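Have a look at entry_14.cif below; it lists mmCIF, C-alpha atoms and all ligand atoms.
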data_protein
#
loop_
_atom_site.label_atom_id
_atom_site.label_comp_id
_atom_site.auth_asym_id
_atom_site.auth_seq_id
_atom_site.Cartn_x
_atom_site.Cartn_y
_atom_site.Cartn_z
CA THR A 700 20.83 -122.14 40.29
CA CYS A 701 20.25 -118.41 39.64
CA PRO A 702 21.80 -116.97 36.43
CA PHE A 703 24.13 -113.94 36.59
CA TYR A 704 21.75 -111.65 34.69
CA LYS A 705 19.16 -111.90 37.59
CA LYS A 706 21.66 -110.77 40.22
CA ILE A 707 22.36 -107.16 41.22
CA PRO A 708 26.12 -106.76 42.11
CA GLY A 709 26.93 -105.08 45.42
CA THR A 710 23.52 -105.70 46.86
CA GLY A 711 21.63 -108.54 48.50
CA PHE A 712 19.02 -108.12 45.70
CA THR A 713 17.57 -110.28 42.90
CA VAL A 714 15.12 -109.50 40.08
CA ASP A 715 12.45 -112.00 38.87
CA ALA A 716 14.24 -114.96 40.57
CA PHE A 717 11.63 -117.01 42.41
CA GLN A 718 12.17 -120.51 40.81
CA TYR A 719 15.66 -121.30 42.28
CA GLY A 720 14.72 -121.88 45.97
CA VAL A 721 16.46 -119.78 48.64
CA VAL A 722 19.13 -117.74 46.83
CA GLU A 723 22.26 -117.46 49.02
CA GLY A 724 22.71 -113.83 50.09
CA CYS A 725 19.35 -112.48 48.94
CA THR A 726 17.72 -110.13 51.47
CA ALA A 727 15.05 -108.71 49.03
CA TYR A 728 13.40 -110.31 45.95
CA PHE A 729 12.10 -107.78 43.37
CA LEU A 730 9.24 -108.68 41.00
CA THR A 731 9.02 -106.46 37.83
CA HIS A 732 5.48 -107.63 36.78
CA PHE A 733 2.83 -110.35 37.02
CA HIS A 734 3.77 -112.60 34.06
CA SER A 735 4.27 -116.29 34.77
CA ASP A 736 7.83 -116.67 33.38
CA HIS A 737 8.81 -113.87 35.85
CA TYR A 738 6.88 -114.89 38.97
CA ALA A 739 7.51 -118.70 38.37
CA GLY A 740 8.06 -120.15 41.78
CA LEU A 741 6.02 -117.82 44.08
CA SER A 742 3.12 -119.32 46.09
CA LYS A 743 1.34 -118.87 49.49
CA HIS A 744 4.35 -120.56 51.25
CA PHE A 745 6.89 -117.82 50.37
CA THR A 746 8.43 -116.13 53.49
CA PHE A 747 11.03 -113.63 52.08
CA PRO A 748 10.33 -109.96 51.37
CA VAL A 749 8.94 -109.18 47.87
CA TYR A 750 9.20 -105.68 46.47
CA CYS A 751 6.92 -104.57 43.63
CA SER A 752 4.29 -102.13 42.44
CA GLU A 753 0.85 -101.68 44.16
CA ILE A 754 -0.82 -103.52 41.27
CA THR A 755 1.58 -106.48 41.27
CA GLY A 756 1.00 -106.62 45.05
CA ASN A 757 -2.83 -106.89 44.58
CA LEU A 758 -2.26 -109.82 42.17
CA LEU A 759 0.24 -111.67 44.48
CA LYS A 760 -2.18 -111.43 47.43
CA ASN A 761 -5.47 -112.32 45.53
CA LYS A 762 -4.33 -114.67 42.79
CA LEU A 763 -1.26 -116.43 44.25
CA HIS A 764 -2.25 -116.02 47.96
CA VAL A 765 1.15 -114.79 49.08
CA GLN A 766 0.75 -113.51 52.70
CA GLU A 767 0.35 -109.83 53.31
CA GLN A 768 3.31 -109.55 55.67
CA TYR A 769 5.77 -110.44 52.83
CA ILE A 770 4.29 -108.06 50.17
CA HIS A 771 6.08 -104.63 50.00
CA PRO A 772 4.43 -102.27 47.44
CA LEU A 773 6.31 -99.07 46.42
CA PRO A 774 4.82 -96.00 44.72
CA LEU A 775 6.28 -95.03 41.32
CA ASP A 776 8.56 -92.03 40.57
CA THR A 777 9.63 -91.84 44.24
CA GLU A 778 13.04 -92.21 45.86
CA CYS A 779 12.75 -95.12 48.41
CA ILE A 780 15.30 -96.82 50.76
CA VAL A 781 15.30 -100.62 50.78
CA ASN A 782 17.74 -102.44 53.11
CA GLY A 783 19.88 -99.24 53.00
CA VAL A 784 19.97 -98.85 49.18
CA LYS A 785 18.06 -96.04 47.30
CA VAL A 786 15.76 -97.38 44.58
CA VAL A 787 13.11 -95.92 42.25
CA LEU A 788 10.31 -97.76 40.35
CA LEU A 789 9.41 -96.40 36.88
CA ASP A 790 6.45 -97.28 34.58
CA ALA A 791 7.68 -99.89 32.04
CA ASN A 792 4.83 -99.35 29.41
CA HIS A 793 4.34 -103.15 29.44
CA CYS A 794 1.23 -104.69 31.25
CA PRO A 795 -0.60 -103.18 34.26
CA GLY A 796 1.67 -102.85 37.26
CA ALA A 797 4.91 -103.50 35.27
CA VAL A 798 8.03 -101.52 36.34
CA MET A 799 11.62 -100.79 35.61
CA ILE A 800 13.87 -100.50 38.67
CA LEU A 801 16.69 -97.92 39.17
CA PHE A 802 19.28 -99.00 41.78
CA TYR A 803 21.70 -96.41 43.27
CA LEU A 804 24.58 -98.67 44.59
CA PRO A 805 26.52 -97.69 47.74
CA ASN A 806 29.77 -97.38 45.65
CA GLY A 807 28.19 -94.72 43.25
CA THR A 808 27.28 -97.04 40.34
CA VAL A 809 23.73 -96.62 38.94
CA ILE A 810 21.94 -99.68 37.39
CA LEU A 811 18.65 -99.73 35.34
CA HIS A 812 16.78 -103.08 35.10
CA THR A 813 14.06 -102.66 32.44
CA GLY A 814 12.01 -105.76 33.33
CA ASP A 815 9.81 -106.25 30.23
CA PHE A 816 9.21 -102.87 28.54
CA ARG A 817 8.04 -101.09 25.42
CA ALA A 818 10.48 -98.15 25.07
CA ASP A 819 8.93 -94.78 24.50
CA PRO A 820 10.24 -91.19 24.01
CA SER A 821 8.37 -90.16 27.17
CA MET A 822 10.95 -92.16 29.18
CA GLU A 823 13.55 -89.57 28.15
CA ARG A 824 11.71 -87.10 30.60
CA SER A 825 11.38 -89.34 33.58
CA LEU A 826 13.89 -89.47 36.45
CA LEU A 827 16.27 -91.21 34.05
CA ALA A 828 17.22 -87.82 32.56
CA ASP A 829 18.79 -86.68 35.85
CA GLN A 830 22.02 -88.78 36.08
CA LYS A 831 24.23 -91.29 34.40
CA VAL A 832 23.57 -95.08 34.12
CA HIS A 833 26.53 -97.39 34.20
CA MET A 834 24.79 -100.79 33.61
CA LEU A 835 21.55 -101.64 31.72
CA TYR A 836 19.72 -105.01 32.18
CA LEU A 837 17.74 -104.88 28.87
CA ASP A 838 14.54 -106.58 27.54
CA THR A 839 15.92 -107.74 24.18
CA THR A 840 12.78 -109.71 23.08
CA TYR A 841 12.75 -108.00 19.61
CA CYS A 842 16.41 -107.04 19.18
CA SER A 843 16.71 -107.66 15.41
CA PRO A 844 15.78 -105.28 12.60
CA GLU A 845 13.14 -107.59 11.04
CA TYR A 846 10.98 -106.81 14.10
CA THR A 847 8.68 -104.06 13.01
CA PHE A 848 5.07 -103.55 14.16
CA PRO A 849 2.75 -100.45 14.30
CA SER A 850 1.90 -98.22 17.24
CA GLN A 851 -0.63 -99.37 19.79
CA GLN A 852 -2.86 -96.39 18.76
CA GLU A 853 -2.91 -97.66 15.04
CA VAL A 854 -3.73 -101.21 16.05
CA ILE A 855 -6.60 -100.07 18.32
CA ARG A 856 -7.96 -97.87 15.50
CA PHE A 857 -8.05 -100.92 13.15
CA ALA A 858 -9.83 -103.06 15.76
CA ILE A 859 -12.49 -100.40 16.73
CA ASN A 860 -13.30 -99.73 12.98
CA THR A 861 -13.40 -103.48 12.06
CA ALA A 862 -15.74 -104.32 14.96
CA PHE A 863 -18.11 -101.32 14.63
CA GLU A 864 -18.47 -101.95 10.86
CA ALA A 865 -19.32 -105.67 11.31
CA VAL A 866 -21.82 -105.24 14.10
CA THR A 867 -23.52 -102.25 12.37
CA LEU A 868 -24.04 -104.44 9.30
CA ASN A 869 -25.17 -107.42 11.41
CA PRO A 870 -26.62 -106.60 14.89
CA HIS A 871 -26.64 -110.36 15.53
CA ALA A 872 -22.81 -110.67 15.32
CA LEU A 873 -20.78 -111.45 18.53
CA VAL A 874 -17.26 -110.17 19.10
CA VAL A 875 -14.80 -112.52 20.93
CA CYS A 876 -11.26 -111.52 22.13
CA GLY A 877 -8.60 -114.01 23.40
CA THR A 878 -6.50 -113.53 26.57
CA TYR A 879 -3.95 -115.72 28.53
CA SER A 880 -2.27 -113.26 30.87
CA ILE A 881 -2.68 -109.69 32.03
CA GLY A 882 -1.77 -107.03 29.45
CA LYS A 883 -3.39 -105.80 26.20
CA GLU A 884 -6.68 -104.87 28.03
CA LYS A 885 -7.05 -101.87 25.62
CA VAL A 886 -8.01 -104.30 22.77
CA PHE A 887 -11.25 -105.57 24.40
CA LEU A 888 -12.01 -102.33 26.32
CA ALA A 889 -11.82 -100.09 23.21
CA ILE A 890 -14.00 -102.47 21.17
CA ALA A 891 -16.68 -102.70 23.95
CA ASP A 892 -16.71 -98.92 24.33
CA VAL A 893 -17.50 -98.32 20.63
CA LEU A 894 -20.26 -100.96 20.77
CA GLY A 895 -21.89 -99.55 23.94
CA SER A 896 -21.45 -102.88 25.73
CA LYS A 897 -19.71 -104.23 28.87
CA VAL A 898 -17.21 -107.04 28.39
CA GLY A 899 -18.27 -110.42 29.63
CA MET A 900 -15.86 -113.00 31.00
CA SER A 901 -15.33 -115.77 33.49
CA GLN A 902 -15.29 -115.34 37.23
CA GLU A 903 -11.49 -116.00 37.36
CA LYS A 904 -10.73 -113.31 34.73
CA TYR A 905 -13.11 -110.82 36.36
CA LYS A 906 -11.17 -111.32 39.63
CA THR A 907 -7.85 -110.63 37.87
CA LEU A 908 -9.19 -107.46 36.29
CA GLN A 909 -10.50 -106.21 39.66
CA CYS A 910 -6.77 -106.13 40.91
CA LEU A 911 -5.64 -103.66 38.24
CA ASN A 912 -6.83 -100.20 39.50
CA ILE A 913 -8.47 -99.37 36.17
CA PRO A 914 -10.69 -96.30 36.66
CA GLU A 915 -14.45 -96.97 36.59
CA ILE A 916 -13.90 -100.71 35.94
CA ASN A 917 -17.29 -101.68 37.39
CA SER A 918 -18.88 -99.72 34.51
CA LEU A 919 -16.85 -101.69 31.87
CA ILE A 920 -16.85 -105.44 32.74
CA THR A 921 -19.22 -108.15 33.95
CA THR A 922 -19.68 -111.89 34.63
CA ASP A 923 -23.09 -111.88 32.93
CA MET A 924 -22.33 -113.27 29.46
CA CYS A 925 -25.87 -112.87 28.21
CA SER A 926 -26.07 -109.12 28.67
CA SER A 927 -22.73 -108.53 26.84
CA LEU A 928 -21.83 -108.61 23.12
CA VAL A 929 -18.00 -108.61 23.66
CA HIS A 930 -16.88 -111.89 25.21
CA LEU A 931 -13.40 -112.82 26.52
CA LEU A 932 -12.15 -116.37 26.14
CA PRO A 933 -8.91 -118.20 26.79
CA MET A 934 -6.50 -117.78 23.90
CA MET A 935 -6.53 -121.55 23.32
CA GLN A 936 -10.24 -121.45 22.50
CA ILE A 937 -9.58 -118.88 19.63
CA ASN A 938 -9.90 -121.33 16.68
CA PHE A 939 -12.84 -122.53 14.50
CA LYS A 940 -13.71 -125.50 16.83
CA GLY A 941 -13.56 -123.49 20.04
CA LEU A 942 -15.66 -120.64 18.68
CA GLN A 943 -18.36 -122.89 17.09
CA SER A 944 -18.69 -124.52 20.45
CA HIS A 945 -18.96 -121.10 22.17
CA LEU A 946 -21.75 -119.90 19.74
CA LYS A 947 -23.78 -123.05 20.44
CA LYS A 948 -23.68 -121.94 24.14
CA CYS A 949 -25.25 -118.54 23.45
CA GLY A 950 -28.66 -120.14 22.71
CA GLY A 951 -29.44 -118.74 19.22
CA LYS A 952 -28.74 -115.12 20.28
CA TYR A 953 -26.06 -114.67 17.57
CA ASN A 954 -25.36 -116.05 14.06
CA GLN A 955 -21.81 -114.74 13.36
CA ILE A 956 -18.57 -114.44 15.38
CA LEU A 957 -15.84 -111.95 14.74
CA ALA A 958 -12.76 -112.80 16.86
CA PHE A 959 -9.46 -111.10 17.70
CA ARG A 960 -6.14 -112.84 18.61
CA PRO A 961 -3.66 -110.30 19.85
CA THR A 962 -0.29 -111.82 19.02
CA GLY A 963 3.22 -110.52 19.45
CA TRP A 964 5.15 -110.23 16.20
CA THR A 965 4.28 -112.62 13.32
CA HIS A 966 6.26 -112.78 9.90
CA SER A 967 3.24 -111.32 8.02
CA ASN A 968 4.61 -107.97 9.53
CA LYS A 969 7.57 -107.95 7.02
CA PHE A 970 5.29 -107.67 3.91
CA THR A 971 1.90 -106.29 4.91
CA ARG A 972 0.52 -103.05 6.39
CA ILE A 973 -1.99 -103.08 9.35
CA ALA A 974 -4.58 -101.51 6.98
CA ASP A 975 -4.34 -104.53 4.65
CA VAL A 976 -4.76 -107.36 7.30
CA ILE A 977 -7.29 -110.04 6.46
CA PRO A 978 -8.95 -112.67 8.62
CA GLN A 979 -9.13 -116.43 8.50
CA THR A 980 -12.72 -117.42 7.71
CA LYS A 981 -14.76 -120.62 7.96
CA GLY A 982 -18.50 -120.17 7.55
CA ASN A 983 -20.01 -117.55 9.91
CA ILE A 984 -16.65 -117.33 11.92
CA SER A 985 -13.79 -114.87 11.15
CA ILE A 986 -10.48 -114.68 13.20
CA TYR A 987 -8.21 -111.64 12.96
CA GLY A 988 -4.59 -111.83 14.26
CA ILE A 989 -3.57 -108.33 15.26
CA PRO A 990 0.05 -107.27 16.15
CA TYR A 991 -0.56 -105.51 19.47
CA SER A 992 2.92 -105.50 21.13
CA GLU A 993 3.84 -104.69 24.76
CA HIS A 994 7.60 -105.01 24.00
CA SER A 995 9.93 -102.54 22.17
CA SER A 996 10.30 -102.76 18.37
CA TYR A 997 13.93 -102.83 17.21
CA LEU A 998 13.83 -99.08 16.31
CA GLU A 999 12.23 -98.09 19.70
CA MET A 1000 14.91 -100.15 21.61
CA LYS A 1001 17.75 -98.66 19.58
CA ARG A 1002 16.46 -95.12 20.19
CA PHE A 1003 16.20 -95.65 23.93
CA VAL A 1004 19.61 -97.20 24.34
CA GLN A 1005 21.35 -94.52 22.11
CA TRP A 1006 19.73 -91.84 24.34
CA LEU A 1007 20.65 -93.52 27.67
CA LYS A 1008 24.29 -94.26 26.58
CA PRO A 1009 24.99 -96.97 29.10
CA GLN A 1010 28.59 -98.23 29.78
CA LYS A 1011 27.59 -101.85 29.67
CA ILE A 1012 24.46 -103.77 28.38
CA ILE A 1013 23.34 -107.12 29.84
CA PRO A 1014 20.53 -108.80 27.81
CA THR A 1015 17.76 -110.60 29.72
CA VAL A 1016 15.91 -112.25 26.72
CA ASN A 1017 17.22 -114.56 23.92
CA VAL A 1018 20.25 -115.44 26.02
CA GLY A 1019 20.17 -119.21 25.58
CA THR A 1020 22.10 -119.59 22.24
CA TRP A 1021 25.52 -118.50 21.13
CA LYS A 1022 24.19 -117.18 17.83
CA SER A 1023 21.54 -115.01 19.66
CA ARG A 1024 24.11 -113.61 22.09
CA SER A 1025 26.57 -112.80 19.26
CA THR A 1026 23.96 -111.15 17.10
CA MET A 1027 22.80 -108.88 19.99
CA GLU A 1028 26.45 -107.90 20.80
CA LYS A 1029 26.95 -106.83 17.15
CA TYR A 1030 23.94 -104.49 17.23
CA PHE A 1031 25.02 -102.95 20.61
CA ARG A 1032 28.44 -102.12 18.99
CA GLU A 1033 26.86 -100.55 15.89
CA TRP A 1034 24.63 -98.43 18.05
CA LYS A 1035 27.54 -97.29 20.21
CA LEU A 1036 29.78 -96.51 17.17
CA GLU A 1037 26.95 -94.61 15.40
CA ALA A 1038 26.09 -92.49 18.45
CA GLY A 1039 29.73 -92.05 19.72
CA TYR A 1040 29.54 -93.16 23.35
NI NI B 1 6.06 -109.80 30.37
#
The structure given in the file should be rewritten as C-alpha cells.
Amino acid sequence: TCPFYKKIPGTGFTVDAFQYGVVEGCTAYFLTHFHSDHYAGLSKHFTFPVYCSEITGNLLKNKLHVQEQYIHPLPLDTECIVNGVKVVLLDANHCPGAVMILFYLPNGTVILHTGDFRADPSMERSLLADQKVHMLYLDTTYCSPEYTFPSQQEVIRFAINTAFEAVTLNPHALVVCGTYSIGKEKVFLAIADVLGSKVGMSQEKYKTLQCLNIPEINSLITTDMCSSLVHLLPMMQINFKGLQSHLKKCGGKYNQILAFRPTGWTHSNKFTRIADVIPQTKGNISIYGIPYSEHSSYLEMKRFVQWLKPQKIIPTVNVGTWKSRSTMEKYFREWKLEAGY
C-alpha cells in the first residue's frame, strides 16, 4: 500500500509510486527520473498514463518497453494542464532527465516535489521565484551536517588531472570507470575528452546512453572496446579480481589499469580533502573512490529550504526510523528559527 509521502492531496496524482499495483483514485502517475528505486514496478504491461520528461520517456520506451500510448513527455519550464491541474517540470540537477514538479492545486495551495535533487543557487532564479510554496516534498538523502563533499567541478578537475598524468607517463595504461545506473556521465566523458579517446562500453550501456539527448554523443562513445582507452564496466566489477580479469581480455594491449569508482558520500570526507585522496593499489591496478554526488550536501539543502521558506516539509528519504525522522525535524526547526519564517 502506497505511503502518504507519495500522494498529492487534492489531486488524483502520485509521484514515483509504481510498485503498489493500481492505486485507488490515481488518474496520472508522475515519474521524477529513471532510477530503479523510483520506477520499481513499471514494465511493458502498464496501462495508466505516465507523466515525465522527454528523456525519462525515451528510457521507458526503449529500456522498459512501456507502450508509446501511455508515455506523456512534458517540456521543462512550461506551464502545462494535466487532468485540469496546472503543473510545471523543473530541472532537478540530478541525473539526465530528472525533474522537480510544481503543482498548482485547484484550492490555491502550491506544492513542490523535488524528486531526487542537488540544490543549487541557480534554482533561486527559476519559476520558483514567482510565488509562494505551501508544501515541500524534500530529498533528504544527506540531511545531517556530517555530509560534506566538494563541488562537481572540483571532483572532475581531480579526475581529469589524475588520468592525464598517468597515461602521459605510461601510454600503455588503461582507464576504467564503474557505472550501475544513469547519472555521473561527466566522470567518464571528461576523462575521455582529455585523453583524445571515445569511451567504450557494452551494447546495453550504449543503448542507454543513446536515450539521453547528449549533444554530439556519436562523437564520444562506442561499442568497439579495442579502439578506446577509457572503458566502462559494471560497478560490481570495480575490484582487483574484476579488473585483472578485464586486462587479460585486452590481449596484451595494456600493462596497467587506473580505475574510478564514483561513490556517494563516504566517511573519508570528514577528515580528508579531495586534493589528498589516494587509491587502493595491488600490483599494476589502482582504484580511486571519488565523491561525485548528485544529491544536495547538508549546506546546499539548508540554503535552498531557507530561501524557499515553505510552510510545511515532508521528507521523502530516511523516513523508515524514528530516530531519522526526529533528527530531520530538529534541523527543519533550527533552519526556520534562524531564518524567521
Ligand atoms: Ni535518484
Original post:
When the cut-off is 7 Å and you count all atoms listed in the file, which residues lie near ligand NI 1 (chain B), shown as an MDAnalysis selection string?
Top reply: chainID A and resid 732 734 793 815
Subject >> Contacts of region 820-836 of chain A at 9 Å (all atoms listed in the file; same-chain gap of 6+ positions) as a PyMOL selection string >> reply: chain A and resi 704-705+776+787+789-791+801+808-814+999+1002-1004+1006-1015
Just C-alpha atoms for this one: save the residues we selected as an mmCIF file, keeping the file's coordinate frame.
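For reference, result30.cif as written:
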data_model
loop_
_atom_site.group_PDB
_atom_site.id
_atom_site.type_symbol
_atom_site.label_atom_id
_atom_site.label_comp_id
_atom_site.auth_asym_id
_atom_site.auth_seq_id
_atom_site.Cartn_x
_atom_site.Cartn_y
_atom_site.Cartn_z
ATOM 1 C CA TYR A 704 21.750 -111.650 34.690
ATOM 2 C CA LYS A 705 19.160 -111.900 37.590
ATOM 3 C CA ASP A 776 8.560 -92.030 40.570
ATOM 4 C CA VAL A 787 13.110 -95.920 42.250
ATOM 5 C CA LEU A 789 9.410 -96.400 36.880
ATOM 6 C CA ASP A 790 6.450 -97.280 34.580
ATOM 7 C CA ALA A 791 7.680 -99.890 32.040
ATOM 8 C CA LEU A 801 16.690 -97.920 39.170
ATOM 9 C CA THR A 808 27.280 -97.040 40.340
ATOM 10 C CA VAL A 809 23.730 -96.620 38.940
ATOM 11 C CA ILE A 810 21.940 -99.680 37.390
ATOM 12 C CA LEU A 811 18.650 -99.730 35.340
ATOM 13 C CA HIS A 812 16.780 -103.080 35.100
ATOM 14 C CA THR A 813 14.060 -102.660 32.440
ATOM 15 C CA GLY A 814 12.010 -105.760 33.330
ATOM 16 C CA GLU A 999 12.230 -98.090 19.700
ATOM 17 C CA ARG A 1002 16.460 -95.120 20.190
ATOM 18 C CA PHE A 1003 16.200 -95.650 23.930
ATOM 19 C CA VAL A 1004 19.610 -97.200 24.340
ATOM 20 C CA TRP A 1006 19.730 -91.840 24.340
ATOM 21 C CA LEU A 1007 20.650 -93.520 27.670
ATOM 22 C CA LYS A 1008 24.290 -94.260 26.580
ATOM 23 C CA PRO A 1009 24.990 -96.970 29.100
ATOM 24 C CA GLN A 1010 28.590 -98.230 29.780
ATOM 25 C CA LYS A 1011 27.590 -101.850 29.670
ATOM 26 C CA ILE A 1012 24.460 -103.770 28.380
ATOM 27 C CA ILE A 1013 23.340 -107.120 29.840
ATOM 28 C CA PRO A 1014 20.530 -108.800 27.810
ATOM 29 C CA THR A 1015 17.760 -110.600 29.720
#
Original post:
Which is closest to residue 912 (chain A) among A:777, A:965, A:755, A:718, if we use all atoms listed in the file?
Top reply: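 Closest to residue 912 (chain A), using all atoms listed in the file: A:755.
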Select all residues near (6.5, -114.1, 54.3) (cut-off 10 Å, inclusive, file coordinates), counting all atoms listed in the file, and output them as a short mmCIF file (atom, residue, chain, number, x, y, z; two decimals) with C-alpha atoms, in the coordinates of the input.
data_model
loop_
_atom_site.label_atom_id
_atom_site.label_comp_id
_atom_site.auth_asym_id
_atom_site.auth_seq_id
_atom_site.Cartn_x
_atom_site.Cartn_y
_atom_site.Cartn_z
CA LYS A 743 1.34 -118.87 49.49
CA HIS A 744 4.35 -120.56 51.25
CA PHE A 745 6.89 -117.82 50.37
CA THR A 746 8.43 -116.13 53.49
CA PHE A 747 11.03 -113.63 52.08
CA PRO A 748 10.33 -109.96 51.37
CA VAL A 749 8.94 -109.18 47.87
CA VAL A 765 1.15 -114.79 49.08
CA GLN A 766 0.75 -113.51 52.70
CA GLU A 767 0.35 -109.83 53.31
CA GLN A 768 3.31 -109.55 55.67
CA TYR A 769 5.77 -110.44 52.83
CA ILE A 770 4.29 -108.06 50.17
#
Subject >> Nearest-residue call for residue 785 (chain A), choices A:896, A:757, A:806, A:901, using only C-alpha atoms >> reply: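 Distance minimum relative to residue 785 (chain A) lands on A:806.
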Original post:
What does the distance between CA of residue 938 (chain A) and CA of residue 854 (chain A) come to in Å, to one decimal place?
Top reply: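 About the pair CA of residue 938 (chain A) and CA of residue 854 (chain A): they are 21.1 Å apart.
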Original post:
Just how far from CA of residue 976 (chain A) is CA of residue 928 (chain A), in Å to one decimal?
Top reply: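 Rounded to one decimal, the two atoms are 23.3 Å apart.
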Subject >> Test item: residues at most 9 Å from residue 701 (chain A), all atoms listed in the file, excluding those fewer than 6 positions along its chain, as a PyMOL selection string >> reply: chain A and resi 716+718-719+722
Subject >> Which of A:839, A:979, A:1005, A:918 sits closest to residue 1035 (chain A) [using all atoms listed in the file] >> reply: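 Residue with the minimum atom-to-atom distance to residue 1035 (chain A): A:1005.
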**OP:** Have a look at A:1036, A:797, A:984, A:998 and name the one nearest to residue 849 (chain A); count only C-alpha atoms.
**Re:**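 Among the listed residues, the smallest separation from residue 849 (chain A) belongs to A:998.
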**OP:** Could you please determine the separation between CA of residue 911 (chain A) and CA of residue 876 (chain A) in Å, to one decimal place?
**Re:**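 Between CA of residue 911 (chain A) and CA of residue 876 (chain A) the gap is 18.8 Å.
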